[PDB]
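Here the protein sequences line up with chains A and B, keeping their order. According to PDB author numbering, the first sequence is numbered sequentially starting from -4. According to PDB author numbering, the second sequence is numbered sequentially starting from 149. Read the structure below first, then the notes.
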Amino acid sequence: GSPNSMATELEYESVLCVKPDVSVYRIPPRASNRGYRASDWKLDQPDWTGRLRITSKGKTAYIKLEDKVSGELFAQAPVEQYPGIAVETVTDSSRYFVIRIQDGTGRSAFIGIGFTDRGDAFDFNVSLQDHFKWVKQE
Amino acid sequence: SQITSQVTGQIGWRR
């Protein structure tokens, strides 16, 4: 389907990754001395689960979260730099992340993420490492 | 609650 606003611009996004099972944390904090630390909030207590998509329109990737049954959009997070505010590693274990999503009303929210596998989360990282390796004046 | 699987940091790694 077409986007809610269109003026014949380059409103595309090219698929980079899919993962079969993913869980989220609507976390309380923003900025602790070490980052976010999953150990501080909800690392065993998700609020939603579904399916992962990652897409990219040029230098910008979009983490898009999908329903496990029908593929319907839960949330989306635009990123133009990695590491950044739009995808961060908690403190260090890349079993988890934190991303900045849109709420779809002209506003944003931060959610933590936890995966079904430690390697599926490390591949969520690598899907963005190999997206930012050829930009960022490298 | 269900389990504890704290984010790594004493080695700070990957695979």
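Note that CB positions come from ideal geometry on N, CA and C, so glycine has one too.
{"Asked": "Neighbour-count burial assignment, residue 64(A), 16 or more Cβ in a 10 Å radius", "Found": "exposed"}
{"Asked": "Local conformation of residue 124(A) per DSSP, three classes", "Found": "helix"}
{"Asked": "Contact with chain B by residue 27(A), beta-carbon distance below 7 Å", "Found": "no"}
{"Asked": "The ligand HEM heavy atom lying under 6 Å from the CB of residue 85(A)", "Found": "By its list of ligands, the structure shown contains no ligand whatsoever, and the ligand HEM lies outside what it can speak to."}
{"Asked": "8 Å contact criterion, which residue 69(A) and residue 45(A) should meet: CB distance rounded", "Found": "6 Å"}
{"Asked": "Inter-residue spacing [alpha-carbon to alpha-carbon] between residue 112(A) and residue 14(A)", "Found": "10 Å"}
{"Asked": "Boundaries of the beta strand (DSSP E) in which residue 160(B) is found, first to last residue", "Found": "Element bounds for residue 160(B): n/a, residue is neither H nor E."}
{"Asked": "Distance, residue 40(A) Cα to residue 180(A) Cα", "Found": "The question about residue 180(A) has no answer, for chain A in this structure spans -4 to 133."}
{"Asked": "Backbone secondary structure at residue 113(A) - three-state DSSP", "Found": "helix"}
{"Asked": "Residue burial classification, residue 162(B) (beta-carbon count within 10 angstroms, cutoff 16)", "Found": "exposed"}
{"Asked": "Distance, residue 81(A) Cα to residue 26(A) Cα", "Found": "13 Å"}
{"Asked": "Short Cβ contact (7 Å threshold) for residue 89(A) with residue 97(A)", "Found": "no"}
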